[PDB]
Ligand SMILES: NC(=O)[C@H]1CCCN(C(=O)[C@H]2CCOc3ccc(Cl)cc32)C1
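Single chain ahead, by itself, as structure tokens, in the form deposited without the named molecule.
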């Protein structure tokens, strides 16, 4: 589990979005595993605006943050997980690291801020849903 709290937006994995999220929906995209909802209180996070390929992510299944190198966001085939069938996911970055389903929502960060959230795992990789292209998160 986990979210990004930027301005008055909550960014969650689409597959972990709650009824309140859907009832306060700003934007969602199944192909990216992302959903954004409204918040009453302003959040503490800053979104990275960069093309970094190194950062640090939180792995809840290890209670640890790990430094990783990651691929640029792309359209990637993802094998079946407990929460999605095998399918293509867009805007996905991969690193070598540990990720189980419950790790979804952990933040990947670089020197510029939040890069994305854990979205995929298995076979010794962790996949992150990028948010750095979502420039509208920084206003309004």
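Positions refer to the first chain, counted from 1. We call the rigid core the largest set of C-alpha positions that still match within 1.5 Å between the two forms.
In what follows, reference is made to the form solved in complex with the named molecule, a form of this protein that is not presented.
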{"property": "Pocket accessibility when the named molecule, as posed in the entry with it bound, is superimposed onto this form, judged at 2.4 Å from backbone or C-beta", "result": "blocked"}
{"property": "The named molecule contact at residue 43 in the entry with it bound, heavy atom, 4.5 Å", "result": "no"}
{"property": "Partner contact for residue 49 in the entry with it bound: the named molecule, 4.5 angstroms, heavy atom", "result": "no"}
{"property": "Partner contacts for 5 to 29, taking the named molecule in the entry with it bound and a 4.5 Å heavy atom cut-off", "result": "15"}
{"property": "Position with Cα shift of 2 Å or more, rigid core superposed between this form and the one not shown, options 80, 96, 75, 41", "result": "80"}
